[PDB]
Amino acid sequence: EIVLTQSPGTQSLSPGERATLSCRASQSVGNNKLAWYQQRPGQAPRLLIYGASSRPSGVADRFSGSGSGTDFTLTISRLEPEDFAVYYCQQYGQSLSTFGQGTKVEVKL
């Protein structure tokens, strides 16, 4: 079983600023099979990044995935108001898939 530790627990930023979110995996993620998800209150989560850096159609340009093995980063370039949600990372590199504890990206002030 792979543990995905997310850092930081709580990002506090302003609209238009830049968000860098970390995901640390306790072992190497098989074939870089790591995804990122957005979840707004009461909503089901939404797929942002798959295969570490790929982007599904309809997902916004400002979102970017990167990394390999044990460290991964989700970046948002220009925080729009609609981005202040919770974000989860996921690995599916082996049969036993796991999620990270998630990062709360909240509006500071």
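One rule holds for the numbers: they count along the sequence shown, beginning at 1.
Engineer: Going by what the PDB entry lists, where does residue 80 fall on CA B-factor within its chain: lowest, middle or highest third?
Structural biologist: Its C-alpha B-factor belongs to the highest third of this chain's values.
Engineer: Just say lowest, middle or highest third for the CA B-factor of residue 34 relative to the other modelled residues in its chain.
Structural biologist: CA B-factor rank for residue 34: highest third.
Engineer: For residue 25, does the deposited CA B-factor place it in the lowest, middle or highest third of the chain?
Structural biologist: Tercile = highest for this residue's CA B-factor.
Engineer: Should residue 19 be placed in the lowest, middle or highest third of its chain by the C-alpha B factor in the entry?
Structural biologist: Middle third - that is where residue 19 ends up once the chain's C-alpha B-factors are sorted.
Engineer: Select lowest, middle or highest to describe the third in which the CA B-factor of residue 13 falls within its chain in this entry.
Structural biologist: Ranked within chain, residue 13 CA B lands in the highest tercile.
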